[PDB]
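**Student:** Numbering-wise, the sequence shown is residues 1 to 32 according to PDB author numbering. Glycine included, every Cβ here is placed at the ideal spot set by N, Cα and C. Submitted below is the structure of interest, expressed as structure tokens.
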Amino acid sequence: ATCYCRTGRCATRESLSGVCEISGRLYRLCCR
């Protein structure tokens with residue numbers, strides 16, 4: 001499905017599914 005790396009909390013229609021990491025900086029992975 002469709003997953004996004006987000007700096008905020010996942011949309012309520014999305015689930016926290018892991019983290020993204022770029023160059024030491026972390027994001028939530030949020031999948032619909």
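So is residue 28 buried or exposed if we call it buried at 16+ other beta carbons inside 10 Å?
**Tutor:** Taking the first residue of the sequence shown as 1, we reach residue 28 at position 28. Residue 28 comes out buried.
**Student:** Using a 10 Å radius around the Cβ and a threshold of 16 neighbouring Cβ atoms, would you call residue 30 buried or exposed?
**Tutor:** As a working mapping, residue 30 is identified with position 30 in the sequence shown. Answer is buried; the Cβ neighbour count reaches 16.
**Student:** Excluding the 5 residues flanking residue 19 on each side, which residues of the same chain have their C-beta closer than 8 Å to its C-beta?
**Tutor:** Position 19 of the sequence shown, counted from the start, is the residue given in the question as residue 19. Closer than 8 Å at Cβ, skipping near neighbours: 26, 27, 28 and 29.
**Student:** Mapping DSSP to helix, strand and coil, what is residue 23?
**Tutor:** Counted from its first residue, the sequence shown places residue 23 at position 23. In this structure, residue 23 counts as coil in the three-state DSSP scheme.
**Student:** Alpha carbon to alpha carbon, what distance is there between residue 21 and residue 1?
**Tutor:** Residue numbering aside, residue 1 sits at position 1 when the sequence shown is read from its first letter. Residue numbering aside, residue 21 sits at position 21 when the sequence shown is read from its first letter. In a straight line, the C-alpha of residue 1 is about 20 Å away from that of residue 21.
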